[PDB]
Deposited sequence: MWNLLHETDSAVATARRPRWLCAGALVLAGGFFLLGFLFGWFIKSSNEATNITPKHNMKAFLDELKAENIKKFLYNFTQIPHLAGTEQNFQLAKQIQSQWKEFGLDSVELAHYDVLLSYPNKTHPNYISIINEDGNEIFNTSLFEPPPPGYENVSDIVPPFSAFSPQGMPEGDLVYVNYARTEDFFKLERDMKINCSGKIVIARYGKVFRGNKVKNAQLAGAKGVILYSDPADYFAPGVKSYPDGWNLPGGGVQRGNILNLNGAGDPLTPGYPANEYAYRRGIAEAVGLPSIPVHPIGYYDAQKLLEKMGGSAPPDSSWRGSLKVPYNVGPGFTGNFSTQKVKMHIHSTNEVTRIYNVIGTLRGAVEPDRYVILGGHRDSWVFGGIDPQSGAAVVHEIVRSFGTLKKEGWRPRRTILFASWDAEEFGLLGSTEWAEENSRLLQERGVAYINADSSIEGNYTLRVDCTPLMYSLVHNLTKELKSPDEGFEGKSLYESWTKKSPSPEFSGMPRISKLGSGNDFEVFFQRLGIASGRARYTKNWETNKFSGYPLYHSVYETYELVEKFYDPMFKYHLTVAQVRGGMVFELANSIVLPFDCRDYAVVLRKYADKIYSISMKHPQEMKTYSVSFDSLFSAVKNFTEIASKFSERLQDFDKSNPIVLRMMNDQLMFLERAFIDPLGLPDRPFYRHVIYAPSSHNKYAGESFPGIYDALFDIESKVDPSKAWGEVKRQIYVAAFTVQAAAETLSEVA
């Protein structure tokens, strides 16, 4: 029962039938259908062969629209008549007209109210857009209903940026220039977002806190929840998503100052005037957000495959199960992969095989509402994972395109991936007979090494957060995505829309479910070798290179003002020395591991512990400034997230416009000192014990 025995059991037909099963009824967090799906998943995993599958439930704050009083935005004349209304519901896709329980598009946790006022165009609602519109063309966004497009920055940052500008309300629309791909037809003819298509999402800034009412501790049945007034990240002004058809009949009358540049304009046939006023201009818009926030219960599925030799080591594979409406891509295309992997492992166990280490299979809930399922489970099991968690693998949206395989993980993983992909067969068009590694390297080369594929950084935004940004457990993610040099748009056009159907994947994305098969192979091989290898496939020499690169980057960012560094005596020598020590100690440790004889178990356990706890050595118990739950000194999200060393980047952001330069540069020095100490301590953990 080697790697190939588990690897060759994966079948595309099983993935196809599972995806068909999981994408027929609405699966929303806190709804009954999600509970039924969780029960079905638990029963099927028990059938597959896992020793024990159980349900963990948490009561967390969610938000739903008021079905009796649906949300909408209306243009109202001077006489107080609703002379124009927006769509009350997304047009259902063909074959799902009779399907019920489809909540209309909305922004979760949007505060209730009936704002009414004029509007201005804030483009992508980034801080620079407000900068330009306020200081340059002199527009006071206070007491206005800003219009904004979906874009690069996260929507919570958009709403907070509009909040600090005093805007009455925010309205977000998905511009065709950012989502409508050229050439391809709209759904159901192609896979583009139609005019009625609207993208859903949450607009809150949790900063890795999980449940807004129970930050840092699990939301059990005896949890104490703070008041809504002092909640974490809850917005203060109403926000409502809108499709571009409604916007096209919403921004023509808007007149005033011309847009500063073509970057502000979009693909619509709209003047895109940023000035406040409907040119006419004797009418105002009025929003009717009647959304309600209430505490509801969410359920996570946890299945166990106990190890044979080392039952103390946890290798976790997981993903979320909720969806906005259907989730043909996010997340059921990954849930089917997880199901197939679990079935393969279960029959492998039934034949008699059993891995050295424990394998935990996870199905998360309330992830689309702010990662409220994985975070609470990790908060409950913080100590067990801190002292036992080897690695975590996240499976979600196995398919996002049919071009390349993207992988993002900690550097300790890199080498194993290069070993794993050289065995699995490449499913891409062409490249027939070649391994997955060859095709991946050809279609996504690394800038540093021509013959090595590129592995991206593990940026926050999904379930791995609490396992990597707070606990410090080596996390990895693999998926199929599109080209980046030719596809300008971000994600897929039908993201968080109503048209994430099974037919979409079966017709335009994965007709034969081969990319699903190879993604399942990658994830399953990762878990199998991490739970069955004698020596953990971790390489600190991979961490050293990226540490050097990150130090060189942060130094260059700080060197924007060399005369300021010289005046206040700012030096990076401690960080450079710590990184050099890391390289030397990692070299010595790797040679020791190679010399090391694997016969003795009691010392093999120590050799593996030195590899395991290397990732935990980058965790600062005090966390980043004002963000207690972002603790990974190297990879924690920045306060201006999209670089590594978030503390120094945060201290170096907008230092020119500071009243007291000395205090700011002292903060920069403090962050440099913190980073250098953390790197040196991580290096010292790998030195000769005793």
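Chemist: Return the ranges of the deposited sequence not covered by C-alpha coordinates, sorted by sequence position.
Modeler: Since the structure holds only modelled residues, the stretches it omits are 1-55, 335-336, 700-702.
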